[PDB]
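Worksheet: the structure to be examined is printed underneath.
Because the Cβ atoms are built from the backbone with ideal geometry, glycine has one as well, and the counts that use them run over all protein chains shown. All of this is worked out from the model, or read from it or from the source named; nothing here is a laboratory result.
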Amino acid sequence: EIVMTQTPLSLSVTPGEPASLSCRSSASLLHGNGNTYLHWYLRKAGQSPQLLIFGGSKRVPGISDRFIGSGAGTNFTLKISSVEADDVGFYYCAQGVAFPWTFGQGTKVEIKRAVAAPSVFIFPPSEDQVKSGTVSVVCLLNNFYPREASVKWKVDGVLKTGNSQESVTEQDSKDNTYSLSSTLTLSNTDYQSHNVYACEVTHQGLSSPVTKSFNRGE
Amino acid sequence: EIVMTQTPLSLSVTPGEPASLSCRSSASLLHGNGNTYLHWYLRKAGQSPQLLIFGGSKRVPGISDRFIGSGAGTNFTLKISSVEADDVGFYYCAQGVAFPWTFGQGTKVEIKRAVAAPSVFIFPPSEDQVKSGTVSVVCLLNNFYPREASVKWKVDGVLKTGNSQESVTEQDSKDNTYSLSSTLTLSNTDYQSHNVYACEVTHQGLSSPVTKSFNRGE
Amino acid sequence: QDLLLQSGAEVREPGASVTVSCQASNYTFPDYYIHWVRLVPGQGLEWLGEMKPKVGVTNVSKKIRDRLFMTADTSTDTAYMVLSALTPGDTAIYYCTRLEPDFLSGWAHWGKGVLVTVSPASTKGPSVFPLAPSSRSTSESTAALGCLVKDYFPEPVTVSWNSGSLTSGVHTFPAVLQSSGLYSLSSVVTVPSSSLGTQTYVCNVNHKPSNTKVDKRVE
Amino acid sequence: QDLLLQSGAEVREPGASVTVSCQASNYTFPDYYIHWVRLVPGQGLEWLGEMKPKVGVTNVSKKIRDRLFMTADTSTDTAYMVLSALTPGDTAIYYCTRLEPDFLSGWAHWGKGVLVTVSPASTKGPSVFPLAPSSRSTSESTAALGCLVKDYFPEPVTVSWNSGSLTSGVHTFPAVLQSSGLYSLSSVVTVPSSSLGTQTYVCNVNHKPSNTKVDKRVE
């Protein structure tokens, strides 16, 4: 029930910049006294969160330079003065309020980059996988930015059945780009039910739509 | 520590038969407040343990008073006036007031039955095991009494080596004979080196040991 | 009725851990003393520990004690025990027990038990195998027909003959864990060998711990 | 500063009851509260419960109050958390929290949180194939190696190329649930067309509990 709106919901930014995050609520935020209060923390590659604010203004001991924020009760907001590569992850705030208490949804933080198209690939299903009776093919999109590309498929030139699923890399460790896999799935007989298999793309780093294909019996 | 034994270890008992078991303790059990505190328990195959008698001789409600028993401080006995099929099971004895770490090792009721030779069969497994790298040759020793039989293999006139596996009925539901499956099992190589295969058998109800046999291919 | 509920079985890798639970019947839960005890395969019964709910632990075997942990919740009216550093030979039917009246005179009492099992293995579908109509060359008048499993894991296994539609004169030789760390089983039916009705003798078998079903008849 | 100990994962059938357990650092251990937080996939974190082991007490989320039970072994402060009637929706990572005698007026640091996952599934080694598989012809410059993991359970998997002798340009897509509850994954390596038209390439894949290796050579 206790409101916690955390925003921007996601963020991408360049190194050395200022950036800020806002937490908004329904009430004042204590277990008692009139006087216990909110805290903020960073979660990454499956480690627990790392505490950053302990109590509104209160910086956690031994942590970074100032992520510190301001506001009270219904309002609070962090600001960091400088983007470090260290900082990418999930940020969220917690209230210092009487429990039961609830996290707000979390705020994503990333590096910003120049827009850049993927290299794009598709291929026939391997014939062992074909005669496995259930079959799949993959549209692959290596090393591109941002991960806001969008991907399509056509079979005998007409859009896919929806028997398809997708996955993206993490933000690249250094290039801070991404890659995408889209997979389309068939029975061997659905794989007969069309001949040419295609995947098609539009993206920020695309000047114009891109198309790739294979045709079976080759 | 409480250290104790119970006997006889097992017996096949004739229908209608008066019978008993004795529990013998190295600890003299004038328990707690100078008062002997000892008990006996049933169990059956797939069943919870079941109360019988306690304080030595005191019966739990609903027991057939066919069951009887009592004992001096190291020297205790459980008894039955008679035998009916419902008696076939396992029987235990133990100790208590604050220090419950004890059991008698269990003793098994069977029923006494007319002697009987088994019917016996054996088979060559199909090539489908042979081509899968492992050969089990199995011999079936069915409906024998008393409880004991010995089983053996020969290959090309030469006795067993290495592996065997065996498995037996709980006496019976009905006739109260026993039935036994057993095998010698090999890498297919070994069977391919071999040419003739036999099981061999002996038991109380036989004139002589018994062979069943076959040869590779036929 | 005077009962403790206990539930479905368990299996683990060596070095792991296990949780076992028991639930009271409609009763004044805190007033029982409880033993945890076990039946170990091919081996004698064994008391482990004693617990009174709001007290928690009371007495326990020094052997198990450090590996053991034992407790209860009043809110649910349930006992637990936990075993840490879990290993082969700990494999047993664990029982919680009810003690309350003249139980000093001996009165441990029972729930249905729970099976715990330990292996290096992971689940495997059955090496189901038919057992031949041998001596079709030579039978006088009598026969038996068989079916087998090997390297299935973990047990138990469902088994049937004529797909359950006719079942008599039959043995179901209890399975054994092989040196593979996986199970072998066979069942066999006795037959007057004049039976051309042997056409019907589909042995049919099922393996819920591996979500699997299979069938054969041979002649 | 110094961290609580909290061990590795487990995988489960629906409706079961299932546990995680956690242990004190170089630390006193009855003295301060414990909290349990659920990290749910794709979604914001979730407080379940406060606990204090000293008395064996808690304050609890109204989303539950039913399926949970919690305490610790006072012999070690080995925390236990018990959940029951587990849905696939409970598939999550569970984090064992201390609380810090001042900083808990906000919060405190944790040990390493642990995964548990719920599904009618059962173990499978992956089906495995090439993908790319080679450029039959293109604007030769670079292309990529690629290999498929499919029909697999449970995740995760371990993967490498030319036994991980190759490392540059290698990528690995995060896992996808197949509608059967199985997994697919994939790996790819962008490489010069000159190199690709010359050297031999293999995708090298391993996991337990499948106990299975594949080393798929590719063209």
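Considering only residues that are in contact with a strand residue (DSSP E or B) (Cβ under 6 Å, 6 or more places away or on another chain) and in a loop (DSSP other than H, G, I, E, B), look in segment D:57-67 and name the one that is farthest from the other protein chains (Cβ to nearest Cβ).
Applying the filter and picking the extreme gives D:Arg67.
Tell me, which strands (runs of 3 or more DSSP E) wholly within segment A:150-218 include 1 or more residues that are aliphatic (A, V, I, L, M), farther than 28 Å from D:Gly169 by Cα and in the same structural domain as A:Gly133 (by TED's automatic domain parsing)?
Correct list: A:150-155, A:178-187, A:196-202.
Among the residues of segment C:45-56, is there at least one that is within 25 Å of C:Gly181 (Cβ to Cβ), surrounded by 16 or more Cβ atoms within 10 Å (Cβ to Cβ), within 11 Å of another protein chain (Cβ to nearest Cβ) and acidic (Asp, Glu)? Full working, then the answer.
First, the residues of segment C:45-56 that are within 25 Å of C:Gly181 (Cβ to Cβ): C:46.
With the extra rule that they be surrounded by 16 or more Cβ atoms within 10 Å (Cβ to Cβ), the set shrinks to C:46.
Restricting the remaining residues to those that are within 11 Å of another protein chain (Cβ to nearest Cβ) gives C:46.
Add one more test, that the residue is acidic (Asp, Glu), and what stays is C:46.
Yes: one or more hits.
Quick check on segment D:72-89. Is at least one of its residues within 13 Å of chain A (Cβ to nearest Cβ), surrounded by fewer than 20 Cβ atoms within 10 Å (Cβ to Cβ) and either without any contact (Cβ under 8 Å) to a residue 12 or more places away in the chain or closer than 27 Å to C:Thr76 by Cα (or both)? Full working, then the answer.
Quick first cut of segment D:72-89, residues within 13 Å of chain A (Cβ to nearest Cβ) only: none.
Among the residues of segment D:72-89, not one is within 13 Å of chain A (Cβ to nearest Cβ), surrounded by fewer than 20 Cβ atoms within 10 Å (Cβ to Cβ) and either without any contact (Cβ under 8 Å) to a residue 12 or more places away in the chain or closer than 27 Å to C:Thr76 by Cα (or both), which makes the answer no.
Okay, residues lined up against (1) within 12 Å of chain D (Cβ to nearest Cβ); (2) part of a strand (DSSP E or B); (3) in contact (Cβ under 8 Å) with a residue 24 or more places away in the chain; (4) farther than 25 Å from D:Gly42 by Cα:
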| position | (1), (2), (3), (4) |
| --- | --- |
| A:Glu1 | yes, no, yes, no |
| A:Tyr41 | yes, yes, yes, no |
| A:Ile53 | yes, yes, yes, no |
| A:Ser64 | no, no, no, yes |
| A:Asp86 | no, no, no, no |
| A:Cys93 | yes, yes, yes, no |
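Of the conditions (1) over 25 Å from A:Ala98 (Cβ atoms); (2) more than 9 Å from every other protein chain (Cβ to nearest Cβ); (3) in a strand (DSSP E or B), D:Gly15 satisfies every one except a single condition; which number is it?
Every listed condition holds for D:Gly15 apart from (3).
Hey, does segment C:172-183 have a residue that's in contact (Cβ under 8 Å) with a residue 12 or more places away in the chain, more than 9 Å from chain B (Cβ to nearest Cβ), assigned to a strand (DSSP E or B) and over 22 Å from the mean Cα position of the chain (by Cα)?
For segment C:172-183, residues in contact (Cβ under 8 Å) with a residue 12 or more places away in the chain, more than 9 Å from chain B (Cβ to nearest Cβ), assigned to a strand (DSSP E or B) and over 22 Å from the mean Cα position of the chain (by Cα): absent.
If you go through segment D:120-145 one residue at a time, how many are touching a residue at least 60 places away in the same chain (Cβ under 8 Å), in a strand (DSSP E or B) and more than 7 Å from every other protein chain (Cβ to nearest Cβ)?
Residues in segment D:120-145 being touching a residue at least 60 places away in the same chain (Cβ under 8 Å), in a strand (DSSP E or B) and more than 7 Å from every other protein chain (Cβ to nearest Cβ): 3 in total.
Looking only at segment B:95-123, which residues are within 18 Å of the chain's Cα centre (by Cα), surrounded by fewer than 20 Cβ atoms within 10 Å (Cβ to Cβ) and not in a strand (DSSP E or B)?
Correct list: B:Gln105, B:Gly106, B:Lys112, B:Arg113, B:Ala114, B:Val115.
Counting only residues that are within 14 Å of chain A (Cβ to nearest Cβ) and without any contact (Cβ under 8 Å) to a residue 40 or more places away in the chain, which one in segment D:26-44 is surrounded by the most Cβ atoms within 10 Å (Cβ to Cβ)?
Restricting to residues being within 14 Å of chain A (Cβ to nearest Cβ) and without any contact (Cβ under 8 Å) to a residue 40 or more places away in the chain, the top hit is D:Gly44.
Considering (1) within 14 Å of another protein chain (Cβ to nearest Cβ); (2) in contact (Cβ under 8 Å) with a residue 40 or more places away in the chain, say which one B:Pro8 fails and leave the rest.
B:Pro8 satisfies all of (1) within 14 Å of another protein chain (Cβ to nearest Cβ); (2) in contact (Cβ under 8 Å) with a residue 40 or more places away in the chain except (1).
State all residues of segment D:184-214 that are surrounded by fewer than 15 Cβ atoms within 10 Å (Cβ to Cβ), in a strand (DSSP E or B) and over 22 Å from the mean Cα position of the chain (by Cα); if no residue qualifies, say none.
Answer for segment D:184-214, where residues must be surrounded by fewer than 15 Cβ atoms within 10 Å (Cβ to Cβ), in a strand (DSSP E or B) and over 22 Å from the mean Cα position of the chain (by Cα): just D:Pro192.
Give segment A:148-175 a look and list any residue that's touching a residue at least 40 places away in the same chain (Cβ under 8 Å) and within 14 Å of chain D (Cβ to nearest Cβ), or say none.
A:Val151, A:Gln171, A:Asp175
Which condition number in (1) farther than 20 Å from B:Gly16 by Cβ; (2) within 20 Å of the chain's Cα centre (by Cα) is the one that B:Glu84 fails?
(1)
Which ones in segment D:90-109 are part of a helix (DSSP H, G or I) and over 22 Å from D:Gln43 (Cα atoms)?
Scanning segment D:90-109 gives D:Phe103, D:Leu104, D:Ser105.
Test D:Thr117 against the criterion of being part of a strand (DSSP E or B) and at the interface with another protein chain (Cβ under 8 Å from one of its Cβ atoms), and give yes or no. Explain how you work it out, then say what you get.
On the way: part of a strand (DSSP E or B): yes; at the interface with another protein chain (Cβ under 8 Å from one of its Cβ atoms): no.
No; evaluated as a whole, the condition is false for this residue.
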